[PDB]
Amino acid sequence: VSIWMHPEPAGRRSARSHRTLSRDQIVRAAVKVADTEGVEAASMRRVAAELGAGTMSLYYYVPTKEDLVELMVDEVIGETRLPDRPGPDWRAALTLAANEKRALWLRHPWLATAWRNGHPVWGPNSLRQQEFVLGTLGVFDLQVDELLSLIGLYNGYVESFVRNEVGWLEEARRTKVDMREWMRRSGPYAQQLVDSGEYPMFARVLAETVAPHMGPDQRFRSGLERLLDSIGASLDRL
């Protein structure tokens, strides 16, 4: 039985506060905690505390922590809007989806780790989003493995970019030193590296590394357009 078909029990009223619990109340409460504190803090006991319920009342709806994270992932994917069908402009569709995905990860940074370690999430919101993405390239004459490879290249670009954004943001929360400040403090050492002459490529790219001309929103898009051009090239050959 997949946790996606696992029959949800009737809403049950407790004797603590006397409110009624359900699976999706528990998953939303778990997302609210993870959004500030990370997936690790969103323990069944913690989420039970957030809802004023006994922890055992939660297990009745969500049997394990691992099941809770799976539910949480599919639940936040459902905030994404995209249209029902991608339409005739595949670059446009993939761009809309990439924008929406980046914004999703930024709202929920624990995705930049929860999103596919191992098994794929086959809940309804993830499946719908994947039909839209796969659907953009499914109109062309590709073998399955060509299709997955190209969507893989697209997914990896989007995910790698936003994982790095999230990593800096998360670092700043932990250390109180953000990207700007880090780059300022590393200035003297970077100059030592440059003076040594040992790292001519490092020296070449430092200015743009330390203080890029384009911000992340611009860079996300420029690299995306490059990625899309080359998919367009793979589609011309075929």
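When you see a residue number, it is the position in the sequence shown, counting from 1.
- Compared with other entries of the same protein, residue 23 falls outside the group left without coordinates by a third of them; all model it where both flanks are modelled.
- Per the compared records, residue 8 is unresolved in at least a third of the other entries whose models span it.
- The mean C-alpha temperature factor is higher for 140-148 when 103-111 and 140-148 are set side by side.
- When 211-219 is weighed against 10-18, 10-18 comes out higher, by mean CA B-factor as recorded in the entry.
- In this PDB entry, the Cα temperature factor of residue 229 sits in the top third of its chain's modelled residues, the highest group.
- Ranked by C-alpha B-factor against the other modelled residues of its chain, residue 169 falls in the middle third.
- Per the deposited record, the Cα B-factor of residue 201 falls in the middle third when ranked against the other modelled residues of its chain.
- Among all modelled residues in this chain, the alpha-carbon of residue 126 has a temperature factor (C-alpha) in the lowest third.
- When the CA B factors of the chain's modelled residues are split into thirds, the value for residue 33 lands in the middle one.
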